[PDB]
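Everything below concerns the one structure shown next.
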Amino acid sequence: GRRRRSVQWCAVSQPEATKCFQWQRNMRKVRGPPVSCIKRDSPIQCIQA
């Protein structure tokens, strides 16, 4: 209970952060067919950083 328990991004409604397995060859910046969406930055690439 630091400040806000709920923000205004994906973290609000994301009970599954492991689904990242198959989407589209070019989801965010993935090269060929789906591979990895977490191998781009340190923080989540959701609504905000």
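Taken about its Cα centre, the chain carries a charge dipole of about 140 debye when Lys and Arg each add +1 at the Cβ and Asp and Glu each add -1 at the Cβ.
Please state the shape class of the chain: rounded when a/c is under 1.5, otherwise prolate if a/b exceeds b/c and oblate if not, all from the C-alpha gyration tensor. Verdict is prolate for the chain.
Compare the Cα positions of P15, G32, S42 along the charge dipole of the chain (+1 at Cβ of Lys, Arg; -1 at Cβ of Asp, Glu; about the Cα centre) and return the one farthest towards the positive end. Of the candidates, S42 comes out farthest on the positive side.
As a convention, Cβ positions derive from the backbone with ideal geometry for all residues, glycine included, and neighbour counts pool all protein chains shown. We did not get these values from a lab; they are worked out from the coordinates using the rules stated.
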